[PDB]
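Engineer: Provided herewith is a single structure, encoded as structure tokens, for subsequent inquiry.
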Amino acid sequence: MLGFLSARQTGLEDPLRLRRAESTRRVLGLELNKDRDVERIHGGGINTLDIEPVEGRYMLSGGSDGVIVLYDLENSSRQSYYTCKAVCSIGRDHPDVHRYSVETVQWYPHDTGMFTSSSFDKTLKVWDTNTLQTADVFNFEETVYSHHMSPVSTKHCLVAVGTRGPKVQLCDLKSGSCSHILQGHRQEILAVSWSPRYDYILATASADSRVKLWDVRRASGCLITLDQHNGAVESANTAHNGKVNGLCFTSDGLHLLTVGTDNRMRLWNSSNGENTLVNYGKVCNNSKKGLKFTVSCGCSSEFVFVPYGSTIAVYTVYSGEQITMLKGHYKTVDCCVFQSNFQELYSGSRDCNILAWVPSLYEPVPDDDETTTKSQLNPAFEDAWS
Amino acid sequence: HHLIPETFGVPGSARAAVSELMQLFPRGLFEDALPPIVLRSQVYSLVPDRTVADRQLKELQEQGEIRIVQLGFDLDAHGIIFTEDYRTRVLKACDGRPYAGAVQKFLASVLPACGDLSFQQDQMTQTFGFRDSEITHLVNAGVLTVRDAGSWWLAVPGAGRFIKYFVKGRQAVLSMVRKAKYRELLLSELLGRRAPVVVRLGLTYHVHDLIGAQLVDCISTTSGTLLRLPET
Amino acid sequence: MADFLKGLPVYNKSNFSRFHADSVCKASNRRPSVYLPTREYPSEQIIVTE
Amino acid sequence: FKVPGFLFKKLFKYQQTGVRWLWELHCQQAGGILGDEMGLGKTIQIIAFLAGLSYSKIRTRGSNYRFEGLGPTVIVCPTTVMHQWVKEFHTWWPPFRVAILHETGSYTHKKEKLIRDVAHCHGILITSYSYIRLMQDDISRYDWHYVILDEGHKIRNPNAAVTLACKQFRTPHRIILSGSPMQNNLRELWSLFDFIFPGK
Amino acid sequence: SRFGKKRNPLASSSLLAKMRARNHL
Amino acid sequence: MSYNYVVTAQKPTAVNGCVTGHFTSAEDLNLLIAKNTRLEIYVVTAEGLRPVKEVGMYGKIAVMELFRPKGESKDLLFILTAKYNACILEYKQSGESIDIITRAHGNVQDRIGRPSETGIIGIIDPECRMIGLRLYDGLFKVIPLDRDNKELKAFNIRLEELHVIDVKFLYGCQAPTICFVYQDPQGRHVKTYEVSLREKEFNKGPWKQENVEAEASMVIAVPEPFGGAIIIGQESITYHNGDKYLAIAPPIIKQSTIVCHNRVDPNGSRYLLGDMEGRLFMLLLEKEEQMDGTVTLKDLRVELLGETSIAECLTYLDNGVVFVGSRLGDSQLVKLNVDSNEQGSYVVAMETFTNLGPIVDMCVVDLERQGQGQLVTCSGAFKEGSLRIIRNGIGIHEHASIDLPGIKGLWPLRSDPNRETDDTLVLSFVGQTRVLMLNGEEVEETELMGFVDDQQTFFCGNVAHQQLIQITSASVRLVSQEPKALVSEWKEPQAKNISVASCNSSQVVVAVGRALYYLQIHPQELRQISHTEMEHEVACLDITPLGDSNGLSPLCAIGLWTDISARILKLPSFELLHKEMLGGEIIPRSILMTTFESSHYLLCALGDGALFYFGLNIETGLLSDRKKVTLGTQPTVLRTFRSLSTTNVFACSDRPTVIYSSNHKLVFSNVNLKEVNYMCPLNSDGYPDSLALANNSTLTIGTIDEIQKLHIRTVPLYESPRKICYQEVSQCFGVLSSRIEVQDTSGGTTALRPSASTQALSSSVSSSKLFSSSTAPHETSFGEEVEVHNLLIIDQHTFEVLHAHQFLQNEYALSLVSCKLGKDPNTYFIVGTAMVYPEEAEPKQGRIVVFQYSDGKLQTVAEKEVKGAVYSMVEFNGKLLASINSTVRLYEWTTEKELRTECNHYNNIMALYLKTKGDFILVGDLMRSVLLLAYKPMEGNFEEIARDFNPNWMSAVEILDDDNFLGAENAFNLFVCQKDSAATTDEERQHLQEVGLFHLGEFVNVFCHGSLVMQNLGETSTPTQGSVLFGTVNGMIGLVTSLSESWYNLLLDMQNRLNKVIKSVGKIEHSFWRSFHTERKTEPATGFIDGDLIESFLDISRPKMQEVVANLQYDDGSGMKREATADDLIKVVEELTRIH
Ligand SMILES: [Mg+2]
């Protein structure tokens, strides 16, 4: 540390280096609930989490109960230990509440005043955050597994919806259009994800074992089908020997991660679909529904956090190296989300907990001359062989 | 020495690994009719960085040193075979048989030029000029097996004998760990134990597979390497 | 003597030939006078990103 | 994209806007319906755009259509307007090779060979709707770059066989010219948009 | 307003206004 | 909002890059130097670097490359800014008007991307086909460069090599080919690609990919005869060109990393290399010309030429000269001699360019108790480390000084009528007069005829009709200049002594108590014109002429003893035209009529050292705009002089002070000298344009320095200074410093060089039981580098190192404070330390050590072991406040002289910075921005009042006042946080609001309260409250100060107008440059006025000032808003310039 501080003060190293090094060290030090609980509002499993992109203060949660909960993550108490309290909820008393489990919540990418929700009740809903009233509602023939709004598109406001139907659907919130379908897939579409680099490029994953990249401006059909063997454009390509149930672009958009029920994670070049041949080993993935997982941002290494049964596995994206297993939950983890500002990970599970994983690099320090106001050696940490 | 090491708290080649594993293969058990097969899993037991292993294997494929074949008994079941063993054994098996000429054509044309695990009918018909009857000759020879209509895996003749012995041996050797006390067994003790009659391919070959497939965890101990069933 | 620093590039024999060590002679006229334009001309080209 | 100055000067501002709209569709790889009321000169807007494509040598990005210009075009129209299209091409952009696939066409060999020639040299094929309906294979076998349906309200019944034959063309650059996008029903509009932008 | 006070594009308030006007009378 | 003014007091000094080419003409040799945001242009000449222009940029200059497209007559300049602004600047010239033409401009930021760890790289193709930029991982950005296109069209190409180290274009390639070093888990590799502009793809490059040394860090592309690339590592240098390979592993390199290179020749035979220690090498490629006539590289040969300042960049110039651009030390101009000197060096230094370097810490001290502070700074690092003492004030360069006690008067004289320059100096003494002849530099006492020595003189000089005059107490004597013979004498009719006299070229007035006499000077005649007796005895006189008057004044100024008045008299009649009662009790000792610019003034000084100044109407004699300044405390003697084109004024006192007008308003610049009781100008052949200045012990003759000009004194330490504080009761500075030592074979450590800590008059080594009894020993390999930390005690007058106390092995000293504690009357140095071990990411141990400096030694008074690094400490209401890792802790000082913990606060990640005001503590965290605590005396505890919840990575903090908190941030931004007055909930009350945002473009290390301008101008007229100085990595010193809402709104609109009217370079928008910017967010600037923009408006043509002020409404303080004139805003901006 003191070396980094000296090098920064003297301009020997760019201020980038201390910042990225310490961010990486913090990710390596994640510990369960060290400073922080999250308030138990849900009665069911936590299907989905989304941290607000503007300030990172607020987290939406959706669950198998159909409830949507909005949490405040900032410690506005003066204590070193605190609870992330629920600001407000769309509970079962609300008229517009979802009838069946809520499978994706996403903030509007450009300000916090609106958010979107989807559910196995075959709806996509648009919510006014200040009032928690729906502004628009879209209905579908089939249960929605996933939806996404483009994180970078200013030009268009399209929601991609993946359903049990074989056709991807696109809803235009500006016009209210929901007629536009993409017709290339053959089974249920389990994950959809817009490129963070390009306004118009949508990745889609399906139980047909295919990941397809689309340019939604075109009348032409899809661009690229990912072939895990690298050899041919559509006739037989598969990304996994199983269902493909999760997508995550890397934070630069240059690669796409995919996870599937073959228990493998695979890294792809997003500009042409080449399998980069990074091998992570067995990544346990039994999930028959979409799996949400996340990369880090702003670290010296790009990490990926992936549900691994009841654990969260951490890998280095490019090296394939398994770094740690975060070992908290009692049932399968369904989502995790990364707070980029402070390198804190939140995780939802079918055990109904939301758990915070927080960098725990060192303890509060005593003064040895104190009587009892020290940083206490609690007797729970003591042996008792007598 | 004084800054970069602070950034975070965190050599055998695939060619060497393949060449070592290839000697564990019991050639006489098959009257040498099979070319020696090493599984991709076993390579990861000697080259623990799976990414480096896979990339070096891909480069050996591009030099044409090795063939990768899908063995179908599991999703990841890839056999690694030296091209010259494969070519010699298949030509020796084809001598005077009715499918022989199509197999000579396949080994003279497709395999020198393609690394693929599978071929589609478009390539087979138009790029290599196979007649539909010649694909039938190749399937009779065992060099292809039907993947789907108009598509075929590259195959090894007689792979069923090996695959039978491997699948039963794998379950046997895994049960030797499962049944031993604590589900623990020291590797030196296992390799010293009289192998089951079910374990026909040999006991070291299987421990390298099991370790590479992550079916057993190695734990290091003062007593040496210890096998465990993984917490899974 | 270094044989290898012989014949360093000479561009004009009199450059630095009156580098006075009496730096007080430079101490006043040391600094360039600040440039602050108010005339302008249009540029011949523009850089755009595809 | 560039239109030759002598051609762009000859166009009205609404025709210039139409050429720009056609270029924005070509960049999106979407079709469009040029629905202007009868008399506004739709054909000039089309020919001026196609001339612009041929003139500016648009190198197609990232894809097998590595033309440097305009590839084979088919125009489908009533037989009563085929020779008007030929005259307009021979006036406004003489370099094109415009050929009628019809008994009023000048070709002497079998009409199968004309389609091969016009595909090979990237000419403009002009056809009737009846030949599209009858020569489905010999037409749709080739990689046409543009399909223009003049009086494209002829494909307004989705169950009609001319409609099904027109939808076999693989190119994304599908254009309809019609004064009436719809006449009776919103279903007619569906059929035209299902040609222009399938799945929209 | 607790939310929408800061931008990270169409502002939420105008997209919401269009959706409401489209769904009300 | 809250309203702040930020201005540069000193321009950044660290050199970020340099290039040499023919930018300004096809024939000139130019050197271009990038200082941060501050491009500048020199030619090379017979006199060395001649300046040409200096330019600013709305950007941190990241890349700067000269190139010449085919069909350009001279080089164009490419600049890339850290905000990714691009421009292809062109120089041009129309006589004396020099205009940098922006030729092309744009921006090349990606919407999303990961900035690379080795920073922005920018390269230009040898044939000027394209620029290549490496901004982000996985991407290489190509800017095509062309001619018939009006537009250059940046595109983008995917790299698979994500961790690219260094890149160059190769010479001699028919397609533009990059060579680069990249890193992968398998190590570092070298690789090549061709670039296709037509396909916008990489094609397979000419060479096989090859492995290289694990620390290979530079690619040098060798020009066409050789081609290829040289890869430089820590241990080897390797040449690559296709199938050809050479490697050398010179042992002389291995001690230090090579960081910069320059080509010293057209064809690559001689590259220079510079290392992190400051050694210069000459990499020396040996060609073999093959029998077919092709040329091949035979060998590589590394050589040692000497030590320079630690080099960021190198450039070779001409005939043997190298510019050494430094960030850590002074930049240098050095030659290479061909014959090794006796020490083994070829390098010889020629010029040194002042770099305030990394300002790691600083303090403001009124060392002379004058009421004008000086900055003392910890500047530089390693062997470049120094203290710098910065003072605002006018200097003088001394050409002669002479032991001449008791001087009572000074005048120049010219004995030869044919010279224009002076040749003689005349001195006055008690009852005596003496004369010094000026035989160039040689000064000799000589006798001049006609003058007299056995009388005291009150004036002498050259006068009309080729004559010399002397006025004594006895008589006025007029001497013919060529004969040197007396031609007239005037004496009072009763032989009463002259008590006051004044003279010009044509007239004399003399006083005899109350009697005045007016004389005209004529050929061979002193002609008495008229006489008068004043009401009161005459104290001082002037008849200096003004305006277009032909060497005769119409006015006399007079000062009187008894009424203490200044008066203006019409010369021929002694008619009283004005009478001004100065008041007080002390007589006017000096009076002086003078012209400043176009404006005429009267100056008068009292015997107590106050001065009054008045605007003088030369036609009516009226005085106007009476104002007073306290210049000094001794009887202050005014003099005119002429310097350059302008008449200026000097006040002889214990505080030498210059008076002149800037934009019609007078300026008072104090001078860097102890005392001058008499001064006059001189212009001899040896002492041209000079001033004589003298005191009661010495006479000094010299040229006065330029105006308001900051002066920097350097005290070299040869070791890195970490912290400074001043102890007034000991008259010394405590300085923390660190030196690097190598582990010796003996297991001790050996110093690389002598340094301030090794050369004190006295020294001590710490000993303690604390860690030695509680830790196992720890060790390093032989030759491994160790930091040794010291407390240095430095004398405030001499800056000699009086004492060096060396801390324990592996002990790092982080924080220093000088204070009294508790009820203890003693003043202590308190040092906070940490124990640093190779195995531990953060220190687990440290101590607070209390020292007393007394009797020349340093005594340890107390030690407190603490379980962490003591990052910061401050004195807090007699207690000691310390931050120990995440913990903020307050210590009482007990009567037993021990530290006792009072209370703790724990809710931090890392409490790097502390400041205090009253009971408030402002805590700057490593990454949780700022936190405001309050100590609560009734409870003995802290309360966490509020914090800023934004994720700002802090570099420094300051408390501006009880409500406004200034913070500086990792991405070169300032922000101001404020406690929210609109808060209703206790949640809202805990949120600090960011009210000010400003992109400074500098990394701020230190804030402190103070000013370099004299405080004694204590008017209430100040438009500007408080003064916080800040110091920077690039050696820029800035000033933050607070405005009123009305002045903020005025200057904000004045900025918006100037931004329409002032031109820039690269046509960067000013609002874009000042926009708050991080990788997370960009926001426009709020709550800050850019003083460097505001002050520029003084610098324009007045047509542009009229375009700026057009339709502006301004309030002068009456509320009578009017259309602002240009002169109103000239006075506003003048008033702002006087704060720094
Ligand atoms: Mg028509």
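In the structure tokens, each chain is lettered A, B, ... as it comes, each chain's residues begin at 1, and ligands are numbered from 1 in order of appearance.
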Please identify every residue of chain A that has at least one atom no more than 9 Å from any atom of chain E, counting only C-alpha atoms, and report them as a list in words.

Structural biologist: residues 53, 54, 55, 108, 109, 110, 111, 112, 113, 114, 126, 127, 128, 129, 130, 135, 136, 153, 154, 155, 156, 157, 173, 174, 175 and 176 of chain A

Engineer: If you count only C-alpha atoms and all ligand atoms, which residues end up within 12 Å of ligand 1, as a PyMOL selection string?

Structural biologist: chain D and resi 34-46+75-85+88+148-154+176-180

Engineer: Keeping only C-alpha atoms, take the residues you just selected and write them out as a PDB file, in the first residue's frame.

Structural biologist:
```pdb
ATOM      1  CA  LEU D  34     -42.462   3.854 -51.846  1.00  0.00           C
ATOM      2  CA  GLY D  35     -46.142   4.706 -51.490  1.00  0.00           C
ATOM      3  CA  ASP D  36     -46.243   8.096 -53.224  1.00  0.00           C
ATOM      4  CA  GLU D  37     -49.476   9.007 -54.987  1.00  0.00           C
ATOM      5  CA  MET D  38     -49.606   8.355 -58.724  1.00  0.00           C
ATOM      6  CA  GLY D  39     -47.782  10.988 -60.756  1.00  0.00           C
ATOM      7  CA  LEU D  40     -44.931  11.805 -58.357  1.00  0.00           C
ATOM      8  CA  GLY D  41     -42.355   9.858 -60.383  1.00  0.00           C
ATOM      9  CA  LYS D  42     -41.413   6.874 -58.246  1.00  0.00           C
ATOM     10  CA  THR D  43     -39.397   5.287 -61.067  1.00  0.00           C
ATOM     11  CA  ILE D  44     -37.006   8.209 -61.274  1.00  0.00           C
ATOM     12  CA  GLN D  45     -36.280   7.942 -57.559  1.00  0.00           C
ATOM     13  CA  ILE D  46     -35.533   4.239 -57.963  1.00  0.00           C
ATOM     14  CA  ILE D  75     -37.834  -5.505 -61.620  1.00  0.00           C
ATOM     15  CA  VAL D  76     -41.281  -7.088 -61.641  1.00  0.00           C
ATOM     16  CA  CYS D  77     -44.037  -5.090 -63.267  1.00  0.00           C
ATOM     17  CA  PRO D  78     -47.102  -5.332 -65.498  1.00  0.00           C
ATOM     18  CA  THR D  79     -46.235  -6.086 -69.116  1.00  0.00           C
ATOM     19  CA  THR D  80     -47.762  -2.736 -70.063  1.00  0.00           C
ATOM     20  CA  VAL D  81     -44.956  -0.835 -68.281  1.00  0.00           C
ATOM     21  CA  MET D  82     -41.904  -2.982 -69.066  1.00  0.00           C
ATOM     22  CA  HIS D  83     -40.787  -0.906 -72.042  1.00  0.00           C
ATOM     23  CA  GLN D  84     -41.244   2.290 -70.069  1.00  0.00           C
ATOM     24  CA  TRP D  85     -38.753   0.960 -67.508  1.00  0.00           C
ATOM     25  CA  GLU D  88     -36.167   5.237 -68.481  1.00  0.00           C
ATOM     26  CA  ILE D 148     -38.307  -4.074 -57.110  1.00  0.00           C
ATOM     27  CA  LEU D 149     -42.049  -4.807 -57.224  1.00  0.00           C
ATOM     28  CA  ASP D 150     -43.651  -2.111 -59.353  1.00  0.00           C
ATOM     29  CA  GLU D 151     -47.409  -1.898 -58.765  1.00  0.00           C
ATOM     30  CA  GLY D 152     -46.605  -4.037 -55.756  1.00  0.00           C
ATOM     31  CA  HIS D 153     -50.198  -4.065 -54.573  1.00  0.00           C
ATOM     32  CA  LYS D 154     -50.356  -7.099 -56.867  1.00  0.00           C
ATOM     33  CA  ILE D 176     -42.420  -2.006 -53.389  1.00  0.00           C
ATOM     34  CA  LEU D 177     -43.793   0.766 -55.577  1.00  0.00           C
ATOM     35  CA  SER D 178     -47.513   1.272 -55.130  1.00  0.00           C
ATOM     36  CA  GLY D 179     -49.924   4.158 -55.038  1.00  0.00           C
ATOM     37  CA  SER D 180     -52.230   2.078 -52.860  1.00  0.00           C
TER      38      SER D 180
END
```

Engineer: Quick check, in Å to one decimal: how far apart do atom CA of residue A:317 and atom CA of residue F:193 lie?

Structural biologist: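 If I compute the distance from atom CA of residue A:317 to atom CA of residue F:193, I get 25.6 Å.
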
Engineer: Would you list which chain F residues are within 6 Å of chain A using only C-alpha atoms, as an MDAnalysis selection string?

Structural biologist: chainID F and resid 113 358 842 867 907 987 1033

Engineer: Kindly save the residues from that selection, with N, CA and C atoms included, as a short mmCIF file (atom, residue, chain, number, x, y, z; two decimals), in the first residue's frame.

Structural biologist:
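After the write, result17.cif holds the following:
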```cif
data_model
loop_
_atom_site.label_atom_id
_atom_site.label_comp_id
_atom_site.auth_asym_id
_atom_site.auth_seq_id
_atom_site.Cartn_x
_atom_site.Cartn_y
_atom_site.Cartn_z
N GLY F 113 -14.90 1.30 -23.05
CA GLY F 113 -13.58 0.75 -23.20
C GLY F 113 -12.80 0.75 -21.91
N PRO F 358 7.42 16.89 -8.55
CA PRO F 358 6.37 16.46 -7.63
C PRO F 358 6.47 17.26 -6.34
N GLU F 842 -0.69 -4.52 4.00
CA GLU F 842 -0.81 -3.29 4.76
C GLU F 842 -0.06 -3.46 6.07
N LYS F 867 -1.18 -0.41 16.27
CA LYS F 867 -1.37 -1.57 15.41
C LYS F 867 -1.75 -1.18 13.98
N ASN F 907 -15.51 3.95 11.13
CA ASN F 907 -16.28 3.75 9.91
C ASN F 907 -15.57 4.33 8.68
N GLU F 987 -31.56 11.32 7.55
CA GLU F 987 -30.84 10.78 6.41
C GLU F 987 -30.30 11.88 5.51
N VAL F 1033 1.71 17.20 -8.61
CA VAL F 1033 2.71 16.33 -9.23
C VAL F 1033 3.47 17.02 -10.35
#
```

Engineer: Quote the spacing between atom CA of residue A:90 and atom CA of residue A:133 in Å to one decimal place.

Structural biologist: 9.4 Å

Engineer: Show which residues sit within 8 Å of residue A:274, as a VMD selection string. Count only C-alpha atoms, and ignore same-chain residues fewer than 6 positions away.

Structural biologist: chain A and resid 226 to 228 230 268

Engineer: Give me, please, the distance in Å between atom CA of residue B:6 and atom CA of residue F:908, quoted to one decimal.

Structural biologist: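 So the answer is 22.2 Å.
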
Engineer: Could you give me, as a PyMOL selection string, the residues within 12 Å of stretch 136-142 of chain D, counting only C-alpha atoms and dropping anything in the same chain fewer than 6 positions from it?

Structural biologist: chain D and resi 71-76+101+111-120+122+125-130+161-171

Engineer: Which polymer residues have any atom within 10 Å of an atom of residue A:68, counting only C-alpha atoms, with same-chain residues fewer than 4 positions away left out, as a list in words?

Structural biologist: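 In the requested form, the answer reads residues 41, 42, 46, 48, 49, 60, 61, 62, 63, 64, 88, 89, 90, 91, 92, 97, 98, 101, 102, 105 and 117 of chain A.
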
Engineer: Include N, CA, C and O atoms and write out the residues we just selected as a compact mmCIF listing (two decimals), in the first residue's frame.

Structural biologist:
```
# COMPACT_ATOMS: atom_id res chain seq x y z
N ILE A 41 -37.47 -9.32 3.09
CA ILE A 41 -38.85 -9.04 2.74
C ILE A 41 -39.51 -10.19 1.99
O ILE A 41 -40.67 -10.51 2.23
N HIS A 42 -38.77 -10.83 1.09
CA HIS A 42 -39.32 -11.91 0.29
C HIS A 42 -39.66 -13.13 1.14
O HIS A 42 -38.99 -13.44 2.12
N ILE A 46 -35.16 -15.56 -4.51
CA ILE A 46 -34.79 -14.33 -5.20
C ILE A 46 -34.33 -14.69 -6.60
O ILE A 46 -33.21 -15.15 -6.80
N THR A 48 -34.02 -12.55 -9.24
CA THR A 48 -33.35 -11.52 -10.02
C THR A 48 -33.02 -10.33 -9.14
O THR A 48 -33.78 -9.99 -8.23
N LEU A 49 -31.87 -9.73 -9.39
CA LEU A 49 -31.43 -8.50 -8.75
C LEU A 49 -30.93 -7.56 -9.83
O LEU A 49 -30.42 -8.00 -10.86
N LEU A 60 -33.18 -3.29 -7.14
CA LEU A 60 -34.45 -3.97 -7.31
C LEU A 60 -34.28 -5.47 -7.11
O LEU A 60 -33.23 -6.04 -7.40
N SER A 61 -35.32 -6.10 -6.60
CA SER A 61 -35.34 -7.54 -6.43
C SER A 61 -36.68 -8.09 -6.89
O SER A 61 -37.72 -7.50 -6.63
N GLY A 62 -36.62 -9.21 -7.59
CA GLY A 62 -37.82 -9.94 -7.95
C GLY A 62 -37.69 -11.37 -7.48
O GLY A 62 -36.61 -11.94 -7.43
N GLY A 63 -38.84 -11.95 -7.11
CA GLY A 63 -38.83 -13.25 -6.47
C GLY A 63 -39.90 -14.17 -7.02
O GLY A 63 -40.73 -13.78 -7.83
N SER A 64 -39.85 -15.42 -6.55
CA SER A 64 -40.83 -16.42 -6.94
C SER A 64 -42.21 -16.16 -6.37
O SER A 64 -43.18 -16.71 -6.88
N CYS A 88 -39.46 0.40 -0.61
CA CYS A 88 -40.85 0.17 -0.96
C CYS A 88 -40.95 -1.15 -1.72
O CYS A 88 -39.94 -1.71 -2.16
N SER A 89 -42.17 -1.63 -1.86
CA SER A 89 -42.43 -2.95 -2.40
C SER A 89 -43.69 -2.94 -3.24
O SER A 89 -44.65 -2.23 -2.92
N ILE A 90 -43.68 -3.71 -4.32
CA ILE A 90 -44.90 -4.07 -5.03
C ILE A 90 -45.33 -5.43 -4.52
O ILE A 90 -45.01 -6.46 -5.13
N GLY A 91 -46.01 -5.45 -3.39
CA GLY A 91 -46.46 -6.67 -2.75
C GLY A 91 -47.76 -7.21 -3.31
O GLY A 91 -48.38 -6.65 -4.21
N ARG A 92 -48.18 -8.35 -2.74
CA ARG A 92 -49.39 -9.03 -3.16
C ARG A 92 -50.65 -8.22 -2.90
O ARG A 92 -51.71 -8.57 -3.42
N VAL A 97 -49.64 -6.15 -9.20
CA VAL A 97 -48.62 -7.14 -8.89
C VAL A 97 -48.67 -8.30 -9.88
O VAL A 97 -49.71 -8.62 -10.46
N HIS A 98 -47.52 -8.93 -10.09
CA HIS A 98 -47.44 -10.12 -10.91
C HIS A 98 -48.04 -11.34 -10.22
O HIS A 98 -47.87 -11.54 -9.02
N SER A 101 -44.05 -15.97 -10.64
CA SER A 101 -42.69 -15.58 -10.28
C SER A 101 -42.12 -14.56 -11.25
O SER A 101 -42.36 -14.61 -12.45
N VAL A 102 -41.36 -13.62 -10.69
CA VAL A 102 -40.75 -12.53 -11.43
C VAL A 102 -39.33 -12.91 -11.80
O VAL A 102 -38.51 -13.17 -10.91
N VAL A 105 -35.90 -8.24 -13.40
CA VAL A 105 -36.14 -6.82 -13.20
C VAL A 105 -34.96 -6.06 -13.78
O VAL A 105 -33.81 -6.45 -13.58
N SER A 117 -40.24 -5.02 -15.57
CA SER A 117 -40.32 -6.32 -14.92
C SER A 117 -40.99 -7.31 -15.85
O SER A 117 -41.87 -6.96 -16.63
```

Engineer: Please identify every residue of chain F that has at least one atom no more than 12 Å from any atom of chain E, counting only C-alpha atoms, and report them as a list in words.

Structural biologist: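 Every residue of chain F that passes the 12 Å test is in residues 988, 1080, 1081, 1082 and 1083 of chain F.
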
Engineer: Find the residues near stretch 204-218 of chain A: any atom within 7 Å, counting only C-alpha atoms, skip ones fewer than 4 places away on the same chain, and give them as a list in words.

Structural biologist: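 Returned residues: residues 186, 187, 188, 189, 190, 191, 192, 193, 200, 222, 223, 224, 225, 226, 237, 238, 239, 240, 241, 242, 243, 244 and 245 of chain A; 28, 29 and 30 of chain D.
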
Engineer: Excluding same-chain residues fewer than 5 positions from residue C:29, what lies within 10 Å of it counting only C-alpha atoms, as a list in words?

Structural biologist: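 With the cut-off at 10 Å, the set is residues 24 of chain C; 50 and 51 of chain F.
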
Engineer: Could you pull out all residues of chain D with a DSSP call of helix (DSSP H, G or I) and give them as a PyMOL selection string?

Structural biologist: chain D and resi 5-8+13-28+42-56+79-92+111-120+129-134+136-140+152-155+161-166+186-196

Engineer: To test your reading of the structure, identify every residue in chain C that backbone DSSP assigns to strand (DSSP E or B), and report it as a short mmCIF file (atom, residue, chain, number, x, y, z; two decimals) with C-alpha atoms, in the first residue's frame.

Structural biologist:
```cif
data_model
loop_
_atom_site.label_atom_id
_atom_site.label_comp_id
_atom_site.auth_asym_id
_atom_site.auth_seq_id
_atom_site.Cartn_x
_atom_site.Cartn_y
_atom_site.Cartn_z
CA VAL C 34 2.67 34.37 -24.43
CA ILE C 46 -11.74 17.39 -40.05
CA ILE C 47 -11.08 14.17 -38.12
CA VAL C 48 -14.20 12.04 -37.77
CA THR C 49 -14.57 8.60 -36.21
#
```

Engineer: Which residue, F:591, F:910, F:333, F:9, has the smallest gap to chain C when you use only C-alpha atoms?

Structural biologist: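 Nearest to chain C: F:333.
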
Engineer: Specify as a tab-separated table (two decimals) with N, CA and C atoms, in the first residue's frame all residues of chain F found within 12 Å of chain D, counting only C-alpha atoms.

Structural biologist:
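Result file is part15.tsv:
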```tsv
chain	number	residue	atom	x	y	z
F	198	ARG	N	-7.85	-0.40	-46.74
F	198	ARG	CA	-8.96	-0.77	-47.60
F	198	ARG	C	-9.88	-1.81	-46.97
F	199	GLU	N	-9.33	-2.70	-46.16
F	199	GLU	CA	-10.07	-3.77	-45.51
F	199	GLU	C	-10.30	-3.52	-44.04
F	200	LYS	N	-9.60	-2.56	-43.46
F	200	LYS	CA	-9.66	-2.21	-42.05
F	200	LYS	C	-9.47	-3.43	-41.17
F	201	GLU	N	-8.45	-4.21	-41.51
F	201	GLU	CA	-8.11	-5.45	-40.85
F	201	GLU	C	-6.61	-5.49	-40.64
```
